[PDB]
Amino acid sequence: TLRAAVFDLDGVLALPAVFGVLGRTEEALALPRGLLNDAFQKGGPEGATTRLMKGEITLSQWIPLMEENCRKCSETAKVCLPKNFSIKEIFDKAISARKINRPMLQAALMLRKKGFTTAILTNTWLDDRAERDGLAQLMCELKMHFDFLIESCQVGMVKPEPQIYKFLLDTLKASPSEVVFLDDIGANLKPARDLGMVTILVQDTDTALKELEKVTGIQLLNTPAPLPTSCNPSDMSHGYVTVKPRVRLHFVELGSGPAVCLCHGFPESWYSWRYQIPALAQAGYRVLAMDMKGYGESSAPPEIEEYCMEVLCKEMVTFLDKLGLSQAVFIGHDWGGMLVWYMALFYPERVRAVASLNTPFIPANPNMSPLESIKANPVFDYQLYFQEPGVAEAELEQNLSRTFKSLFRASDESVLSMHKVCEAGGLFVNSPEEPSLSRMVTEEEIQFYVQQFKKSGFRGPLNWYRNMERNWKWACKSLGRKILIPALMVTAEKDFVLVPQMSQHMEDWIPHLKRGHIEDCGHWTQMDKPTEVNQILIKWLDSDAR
């Protein structure tokens, strides 16, 4: 039966209702009860407020009309308005107080996830106030979660006029009996009900949601915590910058405010940050989520030395130079974590702050060859297995789906020991042909990785592991320095390759290092514990990069 759900903005998706500040203001100021509402509604379908709601005039033009109205109401009720009474002030304050009503948004999201078409239908105004940006931000955040946003001032019609409902129905490509409509004003529900829509009168949120649950047959209340918002690749702005003749870097870009450059690990993608990108943009950052060199839509030259840290870092500086960015905050995971530490040591003037997930900062040992260092840790055996050009490429390219499905697994789901890989003859030699799907990833998300890696395969990616000696010699140049810009290290309790204890000496080199630690989190940190990652990065960004 029901296929569509329609929510109002004031008093339903957003609270406190701005309508409601008339009531509060009368109470706070000891005015005659309803005086401000009388003024707000004066003239009815031909008064100032209706012309505003229909888009005939803007909010700033309406303000002095309401003011006049407030005077007229107070004269006929034989009172005075307080010295300094200000409609502009009252409304600035109420529009900024009003916030997304999170449980109602999450119900709309869940219904949309079960197949509902969702819409916002609202009587609202053209906002040209000095502070309009606050409302623009609220609308942006809400509207990406709905199929349609219908605004009275854009369509020239207002609730309760019957034409707006017919316009709704026609927008929804739905008959009225397939629709549930929620509003906190009973007069606004009435024409929907006359057409045989299910309607819900919203006073407190929980009761409305109980009625909504009952009538749709879907669980909306007491539901577990949902995942952060993810990214749909074809909805992103995609950027491309040529950093030298055969090397162009692709990135996805969302948000405004301080530039934050996200650098993924092996064998990954910009898409590995899909849960961080909307959260960090929504927190007030300009996010640039890279395809690192060798991956996705970035160039992937075959030569091994094109992937040494020195070359990669110099390219990332060029990337900032071409974008006209004097700095970015650099956040990396895995190989990208290693990269951002080297950015901080060699280009601190370009790094506003630095954060790594999983990858520790360990100074090079000038008295031991890196390949021997590597041979000393049984869990890095797979790194020796990666050395010989063509061997790991053949195994990893042989069946991409099985490759990402076998790699991307939560800590309780493993099919790969990283144990004696060379001796085993490969990474997947004792893994199934058809792994089950991790709880972390959908089959669609796997096929996105699979399609990215069809372009250039694993040569470029593996090459990141093939510059151990060259990276060691470059790193030895930096052994006298410390990292003294703002820095965060995020350890993952159950990453059994990049273990939290490997980071334990970092304060000797980064004395003011901050930390976060994520329990029950494997190697694929951003997608294993996306909620916790987001919280830790935004806290650290707002305190240290701001």
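Rigid core (definition): largest C-alpha set, two forms, superposition within 1.5 Å. Residue numbers run from 1 along the displayed sequence.
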Name the stretch that deviates more in 9 other deposited structures of this protein: 407-415, or 351-359? Use RMS CA distance to the shown form, core superposed. 407-415
Entry-level comparison of average CA B-factors, 304-312 and 170-178, reporting the higher stretch: 170-178
Higher-scoring stretch by recorded Cα B factor average, 409-417 or 216-224: 409-417
Which one of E397, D194, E211, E445 shows the biggest C-alpha B-factor in the PDB entry? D194
Among the choices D291, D235, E75, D127, identify the one whose CA B-factor in the record is greatest. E75
Assigned third (lowest, middle, highest) for the C-alpha B factor of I277: lowest
Relative C-alpha B-factor of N430, binned into the chain's lowest, middle or highest third: highest
The third of the chain into which the C-alpha temperature factor of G115 falls is the highest
Where does the C-alpha B-factor of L31 rank in its chain, lowest, middle or highest third? highest
Chain thirds of CA B-factor: placement of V6: middle
